[PDB]
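Chain and residue survey
Each chain, written out:
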2 protein chains.
Amino acid sequence: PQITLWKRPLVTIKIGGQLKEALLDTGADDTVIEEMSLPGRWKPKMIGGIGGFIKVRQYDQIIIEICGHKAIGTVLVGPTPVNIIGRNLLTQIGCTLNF
Amino acid sequence: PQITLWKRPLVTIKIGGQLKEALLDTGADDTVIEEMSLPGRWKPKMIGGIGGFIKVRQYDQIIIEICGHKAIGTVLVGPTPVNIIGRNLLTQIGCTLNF
Ligand SMILES: Cc1c(O)cccc1C(=O)N[C@@H](Cc1ccccc1)[C@H](O)C(=O)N1CSC(C)(C)[C@H]1C(=O)NC(C)(C)C
């Protein structure tokens, strides 16, 4: 699909069998999701945002569906303003910028 | 053009007679640039995200040249870690997300 940017590029995603709203964010290297229960062990990770660096939990090979496209990859969990679908997954669903 | 997301989507921009590297960011509502001098009047504003909030100066009707496309809009100036081209200007150059 083609998504314009007159409004926030928010889509519905599915993780752990639950539907959630998330932002397609080309400015984010990673995918950051609000606090939730994910399977497996996690590793520590520092990500730097507009206001500085924070600590998040990194879960690898997590199954996640984006606007109908299934992806399997790294998902970070921590204090985020909104669910962020970053480049690591956008690339997986073949998302590109065009103008 | 079509830009992949394997790596940060950085482009060169010309703003206020200065050349700068900036990030095409679909997750950003606003355009935020590192400290620089800009014409016209301005007002304070607080913006926040992953690292929390930072205070910036809002300048309106600022012209920015991005990859050959001229765009006019509000530009925020402050202590941002990376120069950000947000949706307010991405729309003006006809930039869309595609997959
Ligand atoms: C989440 C993340 C990573 O895992 C890794 C690197 C950067 C970010 C990140 O937060 N990117 C940010 C901005 C940024 C990029 C590179 C360096 C520093 C900061 C972003 O893509 C965005 O527009 N976001 C993320 S959170 C948000 C939805 C509020 C919005 C935002 O900050 N918007 C304003 C700039 C308008 C505040």
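Residues numbered from 1 in each chain as written, not as in the entry; some residues may be left out. Chains lettered and ligands numbered in written order. Heavy atoms only, no water.

Structure determination for this PDB entry is given in the record as X-ray crystallography, at a resolution of 2.0 Å.

**Considering the overall build of chain A**
Definition in use: We count a stretch as a helix when DSSP gives it H or I for four or more residues in a row; a strand needs E for two or more, and each element gets its number in order from the N terminus. Both definitions apply: the radius of gyration is a C-alpha atom measure, and the globule rule equals 2.2 Å times residues to the power 0.38. Only protein chains enter the accessibility calculation, which uses a 1.4 Å probe; a residue is then buried when its area is under 20% of its type maximum, exposed when over 50%, and partly exposed in between. Here a residue-residue contact requires only that any non-hydrogen atoms of the pair lie within 4.5 Å. Working definition of accessibility: Shrake-Rupley area with a 1.4 Å probe, residue cover restricted to the visible protein chains. Counted charges follow a simple rule, with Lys and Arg positive, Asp and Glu negative, and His plus the chain ends left uncounted. Note on charges: their place is set at NZ of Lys, CZ of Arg, CG of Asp or CD of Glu.
The secondary structure content of chain A amounts to 1 helix and 9 strands. From first element to last, N terminus to C terminus, chain A shows the α and β order β-β-β-β-β-β-β-β-α-β. By the compact-globule yardstick of 13 Å for 99 residues, chain A fits well, its C-alpha radius of gyration being 13 Å. Considered along the principal axes of its C-alpha atoms, chain A spans approximately 40 × 30 × 20 Å. Out of the 99 residues in chain A, the part that is buried amounts to 51%. Taking the intrachain contacts of chain A between residues at least 6 apart in sequence as the baseline, contacts between residues at least 24 apart amount to 48%. Of the accessible surface of chain A, which amounts to about 5,000 Å², a share of 54% is contributed by carbon and sulfur atoms. Within chain A, the 8 negative side-chain charges are centred at a point lying 3 Å from the centre of the 11 positive side-chain charges.

**What to know about the side chain of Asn83 of chain A**
Residues and elements named next belong to chain A. Operational definition: Polar contact is the term for a pair of N or O atoms within 3.5 Å; when the atoms are in protein, one must be able to donate a hydrogen and the other to accept it, and sequence-neighboring residues count only if both atoms are side-chain atoms.
Among the structural elements, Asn83 can be located in the loop between β7 (69-77) and β8 (84-85). A distance of 2.9 Å separates a polar side-chain atom of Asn83 from the backbone nitrogen of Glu34. Excluding its chain neighbours within four sequence positions, the residues that come into contact with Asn83 are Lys20, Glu21, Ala22, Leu23, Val32, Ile33 and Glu34.

**Some points on the relation of the copies chain A and chain B**
This is how the line gets drawn: Their C-alpha atoms serve as the basis on which the copies are superposed by least squares.
Rotating chain A by 178 degrees about the axis while translating it 0.3 Å along that axis superimposes it on chain B, leaving an RMSD of 0.7 Å. One copy is carried onto the other by what is essentially a two-fold rotation axis. When C-alpha positions in chain A are compared against the rotation axis, the closest is assigned to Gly51 of chain A, at 2.1 Å. When you check the interface residues of chain A against chain B, 95% turn up at the interface there too, and the contact is symmetric in its surfaces.

**Topic: the interface of chain A and chain B**
Condition: Here the quantity called buried area is the accessible surface, traced with a 1.4 Å probe, that two parts lose on coming together, added over both. The term salt bridge refers to a side-chain nitrogen of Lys or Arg lying within 4 Å of a carboxyl oxygen of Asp or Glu. DSSP bridges decide pairing: two strands pair if at least two such bridges lie between them.
Across the boundary between the two partners, chain A contributes 37 residues, which contact 37 residues of chain B. Here chain A meets chain B over a buried area of about 3,700 Å², counting both sides, of which 63% is carbon and sulfur. Between the two partners, chain A and chain B, sit 2 salt bridges. The interface formed by chain A and chain B contains 19 residue pairs in polar contact. At the level of elements, β1 (2-3), β3 (18-24), β5 (43-49), β6 (52-66), α1 (87-90) and β9 (96-98) of chain A are the ones that each hand at least two residues to the side of chain A that touches chain B. In terms of residues, the side of chain A that touches chain B owes the most to one element, β9 of chain A, which gives 3 residues. Two strands pair when backbone bridges link them, and β9 of chain A and strand β1 (residues 2-3) of chain B are joined in this way by 2 bridges, in the antiparallel orientation. Paired with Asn98 of chain A across the strands is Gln2 of chain B, a residue of β1 of chain B.

**Points about the site of the ligand**
As a reminder, the rule being used: Here a residue is considered near a molecule or strand provided that any single heavy atom belonging to it is located within 4 Å of it. All residues other than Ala, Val, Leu, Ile, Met, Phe, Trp, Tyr, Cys, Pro, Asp, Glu, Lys and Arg, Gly among them, are scored as polar; the first ten of these are nonpolar and the last four charged.
Every one of the 27 residues lining the ligand counts as a neighbour, but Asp25, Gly27 and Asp30 of chain A together with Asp25 and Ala28 of chain B are closest to it. Each of chains A and B places residues near the ligand. In the model, an oxygen atom of the ligand is placed 2.7 Å from a nitrogen or oxygen of the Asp30 of chain A side chain. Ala28 of chain B places a polar main-chain atom, nitrogen or oxygen, 3.0 Å from an oxygen atom of the ligand. Coverage of the ligand by the protein chains reaches 96% of its 740 Å² of free accessible surface. If you list the elements that add at least two residues to the shell around the ligand, you get β5 of chain A together with β5 (42-49) of chain B. Of the residues contributing to the shell around the ligand, the split by class is 14 nonpolar, 6 polar and 7 charged.

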